[PDB]
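One chain follows as structure tokens, the form deposited in one PDB entry.
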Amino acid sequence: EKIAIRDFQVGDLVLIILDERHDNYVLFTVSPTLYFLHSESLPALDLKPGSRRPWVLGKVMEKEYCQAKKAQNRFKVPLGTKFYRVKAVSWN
């Protein structure tokens, strides 16, 4: 198995990393688009909400495309930003 870096599909192995700027876990990607880890997947990956672990390997599951409708939001992106929210489970 190899780590996907863009165009994420169900079942892809991915590297989930702590993004300091957004203080949220995101998928490691070469895409300009943000792929945020769904908050419900934190326990699935043994991660804590916000010392935090810098990365973990996971497997892509459900994915949703989103747009920020408010200027200040939980993803810490500007108003109008389009991004993904991805669920993931532990590898193996």
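So that there is no doubt, residue numbering starts at 1 and follows the sequence shown.
Only in words, not in the display: the form solved in complex with a partner chain, which the text now covers.
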**Message:** Does any part of residue 68 reach within 4.5 Å of the partner chain in the deposited bound form? Heavy atoms only, please.
**Reply:** yes
**Request:** Please run the contact check for residue 74 against the partner chain in the deposited bound form: heavy atoms, 4.5 angstroms, yes or no?
**Result:** yes
**Prompt:** Just to confirm, residue 82 within 4.5 Å of the partner chain in the deposited bound form by heavy atoms?
**Reply:** yes
**Prompt:** Could you tell me if residue 46 has a non-hydrogen atom within 4.5 Å of the partner chain in the deposited bound form?
**Reply:** no
